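Chemist: What follows is a protein structure lacking sequence information:
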Ligand code: BCL
Ligand SMILES: CC[C@H]1c2cc3[nH]c4c(c3C)C(=O)[C@H](C(=O)OC)c4c3nc(cc4[nH]c(cc(n2)[C@@H]1C)c(C(C)=O)c4C)[C@@H](C)[C@@H]3CCC(=O)OC/C=C(/C)CCC[C@H](C)CCC[C@H](C)CCCC(C)C
Ligand SMILES: CC[C@H]1c2cc3[nH]c4c(c3C)C(=O)[C@H](C(=O)OC)c4c3nc(cc4[nH]c(cc(n2)[C@@H]1C)c(C(C)=O)c4C)[C@@H](C)[C@@H]3CCC(=O)OC/C=C(\C)CCC[C@H](C)CCC[C@H](C)CCCC(C)C
Ligand SMILES: CC[C@H]1c2cc3[nH]c4c(c3C)C(=O)[C@H](C(=O)OC)c4c3nc(cc4[nH]c(cc(n2)[C@@H]1C)c(C(C)=O)c4C)[C@@H](C)[C@@H]3CCC(=O)OC/C=C(\C)CCC[C@H](C)CCC[C@H](C)CCCC(C)C
Ligand SMILES: CCCCCCCC/C=C\CCCCCCCC(=O)O[C@H](COC(=O)CCCCCCCCCCCCCCCCC)COP(=O)(O)OC[C@@H](O)CO
Ligand code: HEM
Ligand SMILES: COC(C)(C)C(=O)C/C=C(\C)CC/C=C(\C)CC/C=C(\C)CCCC/C(C)=C/CCC(C)CC/C=C(\C)CCC=C(C)C
Ligand SMILES: COC(C)(C)C(=O)C/C=C(\C)CC/C=C(\C)CC/C=C(\C)CCCC/C(C)=C/CCC(C)CC/C=C(\C)CCC=C(C)C
Ligand SMILES: COC(C)(C)C(=O)C/C=C(\C)CC/C=C(\C)CC/C=C(\C)CCCC/C(C)=C/CCC(C)CC/C=C(\C)CCC=C(C)C
Ligand SMILES: COC(C)(C)C(=O)C/C=C(\C)CC/C=C(\C)CC/C=C(\C)CCCC/C(C)=C/CCC(C)CC/C=C(\C)CCC=C(C)C
Ligand SMILES: COC(C)(C)C(=O)C/C=C(\C)CC/C=C(\C)CC/C=C(\C)CCCC/C(C)=C/CC[C@H](C)CC/C=C(/C)CCC=C(C)C
Ligand SMILES: COC(C)(C)C(=O)C/C=C(\C)CC/C=C(\C)CC/C=C(\C)CCCC/C(C)=C\CCC(C)CC/C=C(\C)CCC=C(C)C
Ligand SMILES: [Fe+3]
């Protein structure tokens, strides 16, 4: 647990950072869209309905 | 954190700037169009209605 | 803030100005045509409906 | 800057002039047709109405 | 059972780690969708019904 | 295991993205960044297909059917059992196909070759995206796509053609069928000519390009040549796939009546008495 | 096609000057046309 | 100190001023246009 | 010590300073725009 | 020591420190966002 | 029509017979395509433990023309390179190799050539197939733009010399090579470029694969009137290797 | 971008090639006279001619022109010798096969007699063109692959026109000679015998046709990408392996786990193309003679899908709601 | 005015960034036009059997 | 059973007549459609007003 830095002795950070950024953005976009695909958690419809 | 500047020793300032610029413009355009696609948040028709 | 003059120390100004011009025209065209699509901001249909 | 002639040393007059001419003609024709598509500004229908 | 470390004399960590990284995320995504495709365990529909 | 001449070509570099983080081989297969995305998407799609098969009630390969939603759902998302699994599998398939093409691009870059093969595969991707994304969006509902079933995606083809009465009379379908038949006749001729040049009767010497050019000018009075035949085969195949996409995208969003009636413009031309 | 391989300094001042002479001519004509059109059928 | 184009500190500093002036003039023209349009037909 | 770009340490510290200065202005403008939009038409 | 990358032990330690420091800030921001969303509209 | 048993009729019998025939045909087709490159080897040059599910085919003989002899396949690899300047980047199998010196001069990677026969290819009459145009009776440019006399520009924007001649295949009536005379500043002598690597314009001829400084190390033919297959392979591979090795930015990820 | 090799940059022209010869003396029957086309030369060869004239080719040409003129003149006479109407309705006219009541006997000339006379002249023409294709290989001292590939398609030709009508007992089972009328025959044949989708040999024929078109896209593209290494000279690559064959093989080996050789890919192409008409003819020969309803056959053999939902537009919508009323 | 630079640091494909901009942000233009004004020739269909 | 299939929709004179004496869309026999033909050859291979 205190020797997890050695992961940078196996994988090059330059090529890991780009892949992590792409993965994170795609996952966030997918989750936001999945929320927008429902009725209870669609915040654009809720404002129209409430007002 | 105080050592975040070291991100510029792994990455090259020229492709970061090109990438950021494209991503930000595309995201802004997508959000503006998504707002235009709704009923409550279309600012062109609200002026017509309140007129 | 006062040190933004190094963007051209990183970017090719001659290669950027043409892209800026093309981008700027496309933006302006898009906006006028979008404005021409609405009932409250079509300036040709206004004069017909204003005597 | 006071004299902007220093912009033609990074350009080739031939293609710039050709593109300019094509762009000018296309924009003028599109404006004329857009005016012709409007009820209030169609000058051919107005002569028939003033008859 | 105490000689399991010898597995690293057979397989290089670089290939095994990427294979495991693909496998684990694939499994997680599938179980969430198998869960999301039922009536009893869909937590998006439960919040709408319990409301 | 390598072929006798393969070791000198296995060098490092030539990747679009990933560097040497994914620059290796598994068996004969090359993996890169697009080899990891292909594996993920394809495995997820197959596992979801078999989960849907388990919920349908049959594991028979002939009878498995996963179908798009009803037209009443429009362009929204349906419940996962009433057509949503089809949408997820469609997304996974698009991702897998694009990753396959971008992996071929990296292999071409590493070997120092031209990029003709990925460009040719892009045409088949375009015919599939027209069938499941472009026509359905234009027509206004995802339920216009074909289902994922070995014998149920032929029922879709049959019903979609009789919805325009006599589909043989579609002008762009006639062009596409001609291209298909011509590609097969030309492939047969090319294979036969090369094999007959390389395999003479027992006791004879092998032949060269001069002999091949001569046989074809004697047979029909013309010979395209050893370089022209490949250009012509590629062009014929790509024209076949492009015209197929056109024949389907006009049948729905552009024309509503029967296809024979479209020919009326020829029958009532003012020149005719 | 580039045989000129770059313009010079003094081969550009004259160009700018002649180009500017046409741009101002075209714009004066457009201004008069727009003024006449506004007098005929206003839009504001 | 460092460069990927070829310019220097003071020289790029001087090159930035022309861009700044052009951008400010363009922005002023656009601002006057938007201000006139708002009084003509408001969007808020 | 560690370097993959060839850029040194002090250069990186200057570049990051200017970059963060340029990012905070964008953030502030976006925050003001978002607040004005919420006052005009709330979404929560 | 084993190294397939070219980095030393000290360099890897120094890199990991900053990487984890960034990850914790990302996680904290996500936690606050999730708490606000749960208060606004609770799942479970 | 009746059935033999159960639901089995003539169509079922035909279908199963075709199944069996197609299995045998697949076996034959896969076995026929294993006459080159086998048996398999590992990354150290030793025979591999695994050889796959299909056994190797029996031998065929080809009788060649012009007294070149006979060819029997499958057989020994006669096109094998001897001393390759390459280095393993791992202890096992499945990882890439690194060049030891100059990859373009050592003929490795995308610059690799195969050891072909050291004789020119012949036509039907037993004559060399590819001949310079200055010695080809009756040939002339009938369409397109003639590149003779135009300057040649490299991939980095340098003029390296002039086109002096063209080498044509007379049997098929096609241009195969362009001959370039170098300026003294960029080397000496004459070099060849294959036709598929050039773009002929109105005022220039462009070669994008290599730079100017690479033009002196293009392999040279022995005779000024004919070129053998080995020289052809070494010249074409040299230009092909520049697409990856000309600049360090061409080898790194483009992102 | 780099040159792509779809169009030739510069063309060169020399003396016309008259062809190779041996002890069989092919020169005696070859025509003299050649031409050159620079429009075609942008893609392939520019030389036109010469051609070989034997007896098989002459007989084939004469008997095929006779068939064409019996059909064309019958079509012209059906319309009253009106040339403008002949042009107007060209795609719609045909020479119709005999009526079912006549069996395999000779029908009246007005009701299929000219169809049978013209069918005998087309038969003779096709079999003569095949004997020419075999003789020329024999005279050129090459293999007989071209003749075998042609006979593969002749098999389906003969099944459609000769064998199946005889086994069924009527000349009325043949295909009419027309553009649209022959497509109506295809649709009516599919409808009359259930659904031709559920004929397994029809599915196999579709499999092999799809496979043959996928293989010319792959082979054409692969050969055009290795033309910078001399890859279009395939025969010399077979006789002496070069780097073009190695790179072409390694591309597909690294892509899909197995590859071919320079000589062996042409066997793959030859077999996929040849297998389409063989399976098609076997499928056509089994229709009506053995199986009369292919959908009921599929239901019997359990590969027909089943659907749960209902049929009808009012199970999904309303007539007023579809009109916007 | 110290421009011995343009000629010395000569090679610059000044056009490629603009073409890329005009291609990328040109798809945003047709997307904006299909969202503002709708589909030109729309059509609706009636379902008569299973999905 | 046909005219009242789904609702009360009868027929009057204004169903085949629509203000005319001869109702639209009536048909006659036109069978030998070609000349010099005798059986199934006499009825089909022509574009007519009944096909
Ligand atoms: C309603 C329509 C029916 C249908 C009805 C039929 C019928 C009926 C048949 C086909 C047949 C075929 N169908 Mg089907 N078919 C349907 C739907 C499809 C679909 C689809 C929906 O996508 C596809 C891809 C196909 C495809 C095919 C082919 C795979 C196959 C033809 C084989 C062949 O070699 O053709 C190429 C054609 C030939 C080889 C003909 C031979 C030509 C001869 C040799 C020419 C001689 C020379 C000539 C006379 C000289 C001319 C003049 C010269 C210029 C000198 N069908 C539907 C279900 N199909 C055929 C088959 O084999 O069925 C199993 C067939 O008979
Ligand atoms: C499936 C492949 C098809 C095919 C293709 C084919 N045949 C061809 C060609 C092509 C592409 C020619 O270019 C060539 C020709 O010149 O036709 C007029 C020819 C030919 N195929 C022929 C025979 C033939 N082909 C047959 C088959 C086929 N060939 C198929 C239909 C058959 C039959 C029944 O199976 C026959 C009998 C002759 C009509 C002709 C033989 C060539 C010949 O005799 O040339 C003599 C030379 C000349 C002087 C005539 C050339 C005309 C001009 C005066 C020359 C100048 C060229 C000009 C600039 C352009 C005009 C040429 C055009 C063809 C573009
Ligand atoms: C001119 C266009 C022609 C063409 C071209 C073409 N296709 C190509 C290529 C080229 C040039 C390749 O290089 C490439 C290749 O590698 O071939 C070996 C390929 C290829 N085209 C293929 C097949 C194929 N091509 C076809 C047709 C054609 N492709 C055209 C005739 C057809 C049909 C229906 O006629 C098929 C089936 C593949 C064998 C291959 C590479 C595709 C591939 O492997 O993609 C990666 C994906 C997977 C391994 C699995 C994906 C799993 C999914 C996530 C789930 C499955 C969902 C699916 C939609 C279900 C469908 C059910 C059906 C019953 C309806
Ligand atoms: C393996 C199956 C595939 C295939 C293969 C195939 N076809 C073949 C062959 C092969 C291997 C030949 O060797 C043979 C050939 O000669 O090819 C060049 C052929 C052939 N396949 C043909 C047609 C054909 N093949 C088809 C199908 C297929 N053939 C499959 C796709 C199809 C269809 C329906 O898809 C057609 C239409 C011919 C081009 C040719 C057979 C030639 C023949 O037998 O001709 C008889 C000739 C006459 C009718 C006499 C001439 C009378 C003419 C009406 C007019 C005068 C001729 C003139 C040249 C034409 C008009 C042009 C004018 C400008 C002059
Ligand atoms: C049921 C099993 C498959 C799973 C079910 C779903 C997929 C079904 C679709 C297609 C199957 C294709 C699968 C091919 C994958 C090959 C993987 C691979 O790479 O396997 C190789 C071994 O393979 C080969 O050598 C090639 C095998 C043939 C290729 C497919 C032929 C398609 C022909 C016709 C079209 C098919 C349509 C049907 C017509 C029905 C007809 C009635 C290992 O490596 P190797 O080194 O080459 O070993 C060999 C040697 O060298 C020893 O040394
Ligand atoms: C073969 C004969 C005919 C066909 C194919 C046909 C077809 C149909 C069909 C399918 C419907 C039902 C429509 C629906 O359910 O939405 C219908 C209804 C009707 N048809 Fe016809 N029709 C035929 C001839 C005629 C003729 C000649 C007349 C009148 C004299 C006629 C009068 C009507 C009427 C009045 C209705 C409306 C009834 C209702 O739906 O409530 N039809 N026809
Ligand atoms: C309902 O049924 C269905 C079909 C739906 C199913 O869902 C069925 C599902 C299954 C059958 C599921 C089966 C699942 C498994 C078999 C799961 C197995 C899972 C594992 C073995 C997981 C292992 C995880 C291991 C991890 C995370 C290990 C290590 C992580 C590290 C960060 C370690 C770091 C290492 C370093 C730094 C090494 C550095 C050292 C040096 C010396 C350099
Ligand atoms: C590419 O790489 C580099 C490094 C070059 C970059 O990244 C560079 C990037 C740039 C140079 C980016 C430049 C970006 C801009 C110039 C952005 C400009 C943005 C604006 C000017 C935005 C203005 C937005 C205004 C809005 C949204 C106004 C809204 C008004 C109302 C909704 C009206 C209601 C208001 C009321 C009621 C008043 C109450 C509001 C209060 C705030 C009190
Ligand atoms: C609702 O659901 C959907 C999916 C629709 C969504 O909308 C989902 C949306 C998201 C998930 C969105 C996510 C968005 C982000 C993660 C956004 C992130 C944004 C940033 C990190 C932005 C940073 C911006 C920084 C800027 C503009 C900096 C500018 C700097 C400068 C202009 C200064 C330039 C510096 C120089 C010149 C250095 C000097 C040079 C030297 C050499 C010294
Ligand atoms: C509901 O069901 C469905 C399927 C729909 C789902 O939604 C399923 C979802 C999942 C299964 C989701 C799974 C998600 C994860 C596993 C997410 C994991 C996320 C992370 C591990 C994120 C890590 C982020 C780390 C970060 C941001 C670290 C650092 C950032 C920095 C900016 C640090 C910068 C570093 C520097 C400068 C080092 C340089 C130092 C030198 C010395 C040179
Ligand atoms: C409603 O929703 C939709 C999507 C429809 C929208 O409308 C959304 C719209 C947007 C999101 C729009 C966003 C727009 C922007 C972010 C725009 C930004 C614009 C700029 C920052 C423009 C700046 C322009 C500056 C200029 C032109 C200044 C000066 C230029 C020159 C002086 C030219 C000459 C320059 C020099 C130095 C001399 C030449 C030297 C050489 C070396 C060649
Ligand atoms: C009048 O104007 C002139 C003179 C210019 C003309 O001549 C004009 C001519 C035309 C406009 C002609 C037009 C011709 C067509 C449109 C023709 C179309 C032809 C077909 C589509 C034909 C298809 C034929 C056959 C098919 C599909 C399958 C199989 C057929 C056969 C195997 C035929 C062989 C028959 C046999 C073996 C039976 C013979 C009988 C015996 C008793 C031996
Ligand atoms: Fe080939």
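Modeler: Done, it's in. Numbers count the residues shown, from 1 in each chain, chains lettered A, B, ... in the order given. Ligands and ions are numbered 1, 2, ... in the order given.

Chemist: quick one, helices of the stretch 1-150 of chain L?
Modeler: Counting by DSSP state H, counting those that start in this stretch, the stretch 1-150 of chain L has helices at residues L:55-78, L:83-88, L:113-140, L:145-158.

Chemist: before we move on, what about chain A?
Modeler: Along chain A, counting by DSSP state H, helices occupy A:13-36, A:43-50.

Chemist: got it, and chain M?
Modeler: M:5-8, M:16-36.

Chemist: Could you export these as CSV, including mean neighbour count?
Modeler: To be clear about C-beta, it is placed using only N, CA and C from the backbone, and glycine gets the same treatment. Formatted as CSV, those follow (neighbours: other Cβ atoms under 10 Å in any protein chain shown):
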stretch, mean neighbour count
helix M:5-8, 11
helix M:16-36, 15
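
Chemist: Could you work out which of those helices reaches nearest to ligand 11?
Modeler: helix M:16-36 (5.0 Å; Cβ to the nearest ligand atom).

Chemist: can you map out the helices along the stretch 51-200 of chain F?
Modeler: Ranges of helices in the stretch 51-200 of chain F, per DSSP H, counting those that start in this stretch, are F:85-111, F:116-129, F:135-139, F:153-161, F:171-198.

Chemist: and of the ones you listed, who's closest to chain D?
Modeler: Closest of the helices of the stretch 51-200 of chain F to chain D is helix F:135-139, at 24.9 Å (criterion: Cβ to the nearest Cβ).

Chemist: circling back to that earlier point, of all the helices of the stretch 1-150 of chain L, which one comes closest to ligand 9?
Modeler: Here helix L:145-158 is closest among the helices of the stretch 1-150 of chain L (Cβ to the nearest ligand atom), at 55.5 Å.

Chemist: and that closest one, which residues are buried?
Modeler: With burial defined by 16 or more other Cβ atoms under 10 Å in any protein chain shown, the residues of helix L:145-158 counted as buried are L:145-156, L:158.

Chemist: can you redo the residues you listed as a markdown table with distance to residue L:50?
Modeler: Shown next, in a markdown table, are those (distance: Cβ to Cβ, whole Å):
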| residue | distance to residue L:50 |
| --- | --- |
| L:145 | 24 |
| L:146 | 19 |
| L:147 | 22 |
| L:148 | 26 |
| L:149 | 25 |
| L:150 | 22 |
| L:151 | 27 |
| L:152 | 29 |
| L:153 | 27 |
| L:154 | 27 |
| L:155 | 32 |
| L:156 | 33 |
| L:158 | 32 |
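
Chemist: and the two most separated of the residues you listed?
Modeler: For those, the farthest-apart pair by Cβ to Cβ is L:145 and L:158; their separation is 20.3 Å.

Chemist: And the helices in chain K, which stretches?
Modeler: Under DSSP H, chain K gives helices at K:10-32, K:103-106, K:229-245, K:248-251.

Chemist: Out of the ones you listed, which is the most enclosed?
Modeler: Among the helices of chain K, helix K:229-245 has the highest mean neighbour count (mean count of other Cβ atoms under 10 Å in any protein chain shown), at a mean of 23.

Chemist: Remind me what it packs against, helices and strands.
Modeler: helix K:103-106, strand K:190-194, helix K:248-251, helix L:243-256 (3 or more Cβ pairs under 8 Å, 6 or more residues apart in numbering or on different chains; DSSP states H and E).

Chemist: Now do it: distance to the chain's middle.
Modeler: 9 Å (Cα atoms, centre = their mean, to the nearest Å).

Chemist: Give me the angle between it and strand K:190-194.
Modeler: Here helix K:229-245 points in a direction 70 degrees away from that of strand K:190-194 (axes from the mean of the first three to the mean of the last three Cα atoms, to 10 degrees).

Chemist: ok and helix K:229-245 relative to helix F:85-111, angle-wise?
Modeler: 120 degrees.

Chemist: Report the contact partners of residue 40.
Modeler: Here I'm looking at chain A. E:44, E:47, E:48, E:51, J:41 (Cβ atoms under 8 Å, 6 or more residues apart in numbering or on different chains).

Chemist: Let me rephrase: I mean chain K.
Modeler: Counted by Cβ under 8 Å, 6+ apart, residue K:40 has contacts F:1, F:2, F:3, K:47, K:48, K:50, K:51, K:52.
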